[PDB]
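> Input file: target06.cif. Contents: mmCIF, C-alpha atoms.
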```cif
data_run
#
loop_
_atom_site.group_PDB
_atom_site.id
_atom_site.type_symbol
_atom_site.label_atom_id
_atom_site.label_comp_id
_atom_site.auth_asym_id
_atom_site.auth_seq_id
_atom_site.Cartn_x
_atom_site.Cartn_y
_atom_site.Cartn_z
ATOM 1 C CA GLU A 1 25.435 -34.619 -29.650
ATOM 2 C CA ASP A 2 22.310 -33.039 -28.163
ATOM 3 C CA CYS A 3 20.751 -30.067 -29.950
ATOM 4 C CA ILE A 4 21.374 -26.438 -28.994
ATOM 5 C CA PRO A 5 20.025 -25.731 -25.463
ATOM 6 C CA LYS A 6 17.167 -23.229 -25.349
ATOM 7 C CA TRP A 7 17.699 -19.738 -23.935
ATOM 8 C CA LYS A 8 21.427 -20.312 -24.441
ATOM 9 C CA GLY A 9 24.010 -17.975 -25.962
ATOM 10 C CA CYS A 10 24.360 -17.758 -29.733
ATOM 11 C CA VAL A 11 28.141 -18.271 -29.635
ATOM 12 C CA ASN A 12 29.611 -20.913 -31.956
ATOM 13 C CA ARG A 13 28.702 -19.940 -35.530
ATOM 14 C CA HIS A 14 26.293 -17.296 -34.186
ATOM 15 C CA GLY A 15 22.871 -18.559 -35.226
ATOM 16 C CA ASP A 16 23.297 -22.326 -35.116
ATOM 17 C CA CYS A 17 19.982 -22.819 -33.297
ATOM 18 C CA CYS A 18 18.582 -26.361 -33.440
ATOM 19 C CA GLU A 19 14.937 -26.372 -34.575
ATOM 20 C CA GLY A 20 13.304 -23.282 -36.056
ATOM 21 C CA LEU A 21 14.300 -21.345 -32.942
ATOM 22 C CA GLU A 22 15.337 -17.714 -33.430
ATOM 23 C CA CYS A 23 18.348 -16.135 -31.724
ATOM 24 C CA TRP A 24 17.270 -12.997 -29.863
ATOM 25 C CA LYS A 25 20.027 -10.472 -29.146
ATOM 26 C CA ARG A 26 19.902 -8.669 -25.803
ATOM 27 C CA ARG A 27 20.787 -5.020 -25.187
ATOM 28 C CA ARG A 28 24.550 -5.526 -25.393
ATOM 29 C CA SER A 29 25.242 -9.186 -24.613
ATOM 30 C CA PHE A 30 24.998 -11.922 -27.237
ATOM 31 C CA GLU A 31 21.783 -13.544 -28.479
ATOM 32 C CA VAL A 32 19.931 -16.638 -27.282
ATOM 33 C CA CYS A 33 18.025 -19.143 -29.414
ATOM 34 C CA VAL A 34 14.334 -19.130 -28.507
ATOM 35 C CA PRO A 35 12.004 -21.895 -29.820
ATOM 36 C CA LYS A 36 8.950 -20.610 -31.677
ATOM 37 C CA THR A 37 6.223 -22.867 -30.265
ATOM 38 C CA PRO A 38 6.260 -23.319 -26.457
ATOM 39 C CA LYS A 39 3.985 -26.048 -25.062
ATOM 40 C CA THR A 40 2.116 -27.454 -28.062
#
```
Rewrite the structure of this file - the entire thing - as structure tokens.


Amino acid sequence: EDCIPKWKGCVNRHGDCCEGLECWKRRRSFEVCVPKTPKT
């Protein structure tokens, strides 16, 4: 199965991001995994 989509909810284990991406929690809603490095 493909890795965890970027900018996607944290649901399912809460913090199961693929690479070294960090899950950023919004104001009230859940969090979304955000990959460290962008382009390069």

> For the atom pair atom CA of residue 1 of chain A and atom CA of residue 18 of chain A, what is the interatomic distance in Å to one decimal place?

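Atom CA of residue 1 of chain A sits 11.4 Å away from atom CA of residue 18 of chain A.
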
> Do you have the atom CA of residue 37 of chain A-atom CA of residue 19 of chain A distance handy?

10.3 Å

> To one decimal in Å, tell me the separation between atom CA of residue 32 of chain A and atom CA of residue 7 of chain A.

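Rounded to one decimal, the two atoms are 5.1 Å apart.
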
> Once the PyMOL selection byres ((chain A and resi 9) around 12) is applied to the coordinates I shared, what remains selected? I want it as a list in words.

residues 4, 5, 6, 7, 8, 10, 11, 12, 13, 14, 15, 16, 17, 22, 23, 24, 25, 26, 29, 30, 31, 32, 33 and 34 of chain A

> Write segment 3-24 of chain A as a PDB file, keeping the file's coordinate frame, completed to N, CA, C and O atoms.


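That gives us result_11.pdb:
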```
ATOM      1  N   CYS A   3      20.981 -31.313 -29.229  1.00  0.00           N
ATOM      2  CA  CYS A   3      20.751 -30.067 -29.950  1.00  0.00           C
ATOM      3  C   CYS A   3      21.156 -28.863 -29.106  1.00  0.00           C
ATOM      4  O   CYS A   3      21.586 -29.008 -27.960  1.00  0.00           O
ATOM      5  N   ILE A   4      21.020 -27.676 -29.684  1.00  0.00           N
ATOM      6  CA  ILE A   4      21.374 -26.438 -28.994  1.00  0.00           C
ATOM      7  C   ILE A   4      20.390 -26.137 -27.864  1.00  0.00           C
ATOM      8  O   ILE A   4      19.191 -25.991 -28.101  1.00  0.00           O
ATOM      9  N   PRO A   5      20.880 -26.029 -26.615  1.00  0.00           N
ATOM     10  CA  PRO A   5      20.025 -25.731 -25.463  1.00  0.00           C
ATOM     11  C   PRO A   5      19.255 -24.430 -25.654  1.00  0.00           C
ATOM     12  O   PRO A   5      19.785 -23.460 -26.196  1.00  0.00           O
ATOM     13  N   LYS A   6      18.002 -24.413 -25.216  1.00  0.00           N
ATOM     14  CA  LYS A   6      17.167 -23.229 -25.349  1.00  0.00           C
ATOM     15  C   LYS A   6      17.618 -22.129 -24.393  1.00  0.00           C
ATOM     16  O   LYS A   6      18.211 -22.403 -23.349  1.00  0.00           O
ATOM     17  N   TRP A   7      17.328 -20.885 -24.756  1.00  0.00           N
ATOM     18  CA  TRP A   7      17.699 -19.738 -23.935  1.00  0.00           C
ATOM     19  C   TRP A   7      19.200 -19.716 -23.658  1.00  0.00           C
ATOM     20  O   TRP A   7      19.644 -19.205 -22.631  1.00  0.00           O
ATOM     21  N   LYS A   8      19.977 -20.271 -24.583  1.00  0.00           N
ATOM     22  CA  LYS A   8      21.427 -20.312 -24.441  1.00  0.00           C
ATOM     23  C   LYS A   8      22.096 -19.375 -25.442  1.00  0.00           C
ATOM     24  O   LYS A   8      21.547 -19.103 -26.509  1.00  0.00           O
ATOM     25  N   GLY A   9      23.282 -18.881 -25.089  1.00  0.00           N
ATOM     26  CA  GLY A   9      24.010 -17.975 -25.962  1.00  0.00           C
ATOM     27  C   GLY A   9      24.003 -18.409 -27.414  1.00  0.00           C
ATOM     28  O   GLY A   9      23.706 -19.562 -27.726  1.00  0.00           O
ATOM     29  N   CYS A  10      24.329 -17.477 -28.302  1.00  0.00           N
ATOM     30  CA  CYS A  10      24.360 -17.758 -29.733  1.00  0.00           C
ATOM     31  C   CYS A  10      25.767 -18.122 -30.201  1.00  0.00           C
ATOM     32  O   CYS A  10      25.957 -18.541 -31.343  1.00  0.00           O
ATOM     33  N   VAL A  11      26.748 -17.959 -29.315  1.00  0.00           N
ATOM     34  CA  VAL A  11      28.141 -18.271 -29.635  1.00  0.00           C
ATOM     35  C   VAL A  11      28.253 -19.565 -30.440  1.00  0.00           C
ATOM     36  O   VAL A  11      27.335 -20.384 -30.438  1.00  0.00           O
ATOM     37  N   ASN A  12      29.376 -19.732 -31.135  1.00  0.00           N
ATOM     38  CA  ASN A  12      29.611 -20.913 -31.956  1.00  0.00           C
ATOM     39  C   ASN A  12      28.795 -20.834 -33.240  1.00  0.00           C
ATOM     40  O   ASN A  12      27.705 -21.397 -33.332  1.00  0.00           O
ATOM     41  N   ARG A  13      29.344 -20.124 -34.226  1.00  0.00           N
ATOM     42  CA  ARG A  13      28.702 -19.940 -35.530  1.00  0.00           C
ATOM     43  C   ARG A  13      27.680 -18.801 -35.512  1.00  0.00           C
ATOM     44  O   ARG A  13      27.283 -18.304 -36.566  1.00  0.00           O
ATOM     45  N   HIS A  14      27.261 -18.382 -34.319  1.00  0.00           N
ATOM     46  CA  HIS A  14      26.293 -17.296 -34.186  1.00  0.00           C
ATOM     47  C   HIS A  14      25.058 -17.546 -35.049  1.00  0.00           C
ATOM     48  O   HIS A  14      24.986 -17.093 -36.192  1.00  0.00           O
ATOM     49  N   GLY A  15      24.090 -18.266 -34.493  1.00  0.00           N
ATOM     50  CA  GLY A  15      22.871 -18.559 -35.226  1.00  0.00           C
ATOM     51  C   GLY A  15      22.787 -20.010 -35.654  1.00  0.00           C
ATOM     52  O   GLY A  15      22.257 -20.320 -36.721  1.00  0.00           O
ATOM     53  N   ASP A  16      23.312 -20.899 -34.820  1.00  0.00           N
ATOM     54  CA  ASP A  16      23.297 -22.326 -35.116  1.00  0.00           C
ATOM     55  C   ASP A  16      22.171 -23.029 -34.365  1.00  0.00           C
ATOM     56  O   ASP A  16      22.245 -24.230 -34.104  1.00  0.00           O
ATOM     57  N   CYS A  17      21.131 -22.273 -34.021  1.00  0.00           N
ATOM     58  CA  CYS A  17      19.982 -22.819 -33.297  1.00  0.00           C
ATOM     59  C   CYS A  17      19.569 -24.177 -33.866  1.00  0.00           C
ATOM     60  O   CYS A  17      19.762 -24.447 -35.051  1.00  0.00           O
ATOM     61  N   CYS A  18      19.009 -25.031 -33.015  1.00  0.00           N
ATOM     62  CA  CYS A  18      18.582 -26.361 -33.440  1.00  0.00           C
ATOM     63  C   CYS A  18      17.360 -26.275 -34.359  1.00  0.00           C
ATOM     64  O   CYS A  18      17.499 -26.051 -35.561  1.00  0.00           O
ATOM     65  N   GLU A  19      16.165 -26.443 -33.794  1.00  0.00           N
ATOM     66  CA  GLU A  19      14.937 -26.372 -34.575  1.00  0.00           C
ATOM     67  C   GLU A  19      14.784 -24.984 -35.192  1.00  0.00           C
ATOM     68  O   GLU A  19      15.773 -24.282 -35.407  1.00  0.00           O
ATOM     69  N   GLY A  20      13.547 -24.585 -35.473  1.00  0.00           N
ATOM     70  CA  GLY A  20      13.304 -23.282 -36.056  1.00  0.00           C
ATOM     71  C   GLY A  20      13.367 -22.155 -35.037  1.00  0.00           C
ATOM     72  O   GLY A  20      12.714 -21.126 -35.205  1.00  0.00           O
ATOM     73  N   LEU A  21      14.155 -22.346 -33.981  1.00  0.00           N
ATOM     74  CA  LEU A  21      14.300 -21.345 -32.942  1.00  0.00           C
ATOM     75  C   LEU A  21      15.066 -20.132 -33.466  1.00  0.00           C
ATOM     76  O   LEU A  21      15.984 -20.270 -34.275  1.00  0.00           O
ATOM     77  N   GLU A  22      14.683 -18.946 -33.004  1.00  0.00           N
ATOM     78  CA  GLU A  22      15.337 -17.714 -33.430  1.00  0.00           C
ATOM     79  C   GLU A  22      16.220 -17.150 -32.320  1.00  0.00           C
ATOM     80  O   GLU A  22      15.829 -17.129 -31.154  1.00  0.00           O
ATOM     81  N   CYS A  23      17.412 -16.696 -32.691  1.00  0.00           N
ATOM     82  CA  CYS A  23      18.348 -16.135 -31.724  1.00  0.00           C
ATOM     83  C   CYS A  23      18.045 -14.663 -31.460  1.00  0.00           C
ATOM     84  O   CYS A  23      18.213 -13.817 -32.339  1.00  0.00           O
ATOM     85  N   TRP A  24      17.599 -14.367 -30.245  1.00  0.00           N
ATOM     86  CA  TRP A  24      17.270 -12.997 -29.863  1.00  0.00           C
ATOM     87  C   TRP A  24      18.449 -12.329 -29.163  1.00  0.00           C
ATOM     88  O   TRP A  24      18.933 -12.815 -28.142  1.00  0.00           O
TER      89      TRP A  24
END
```
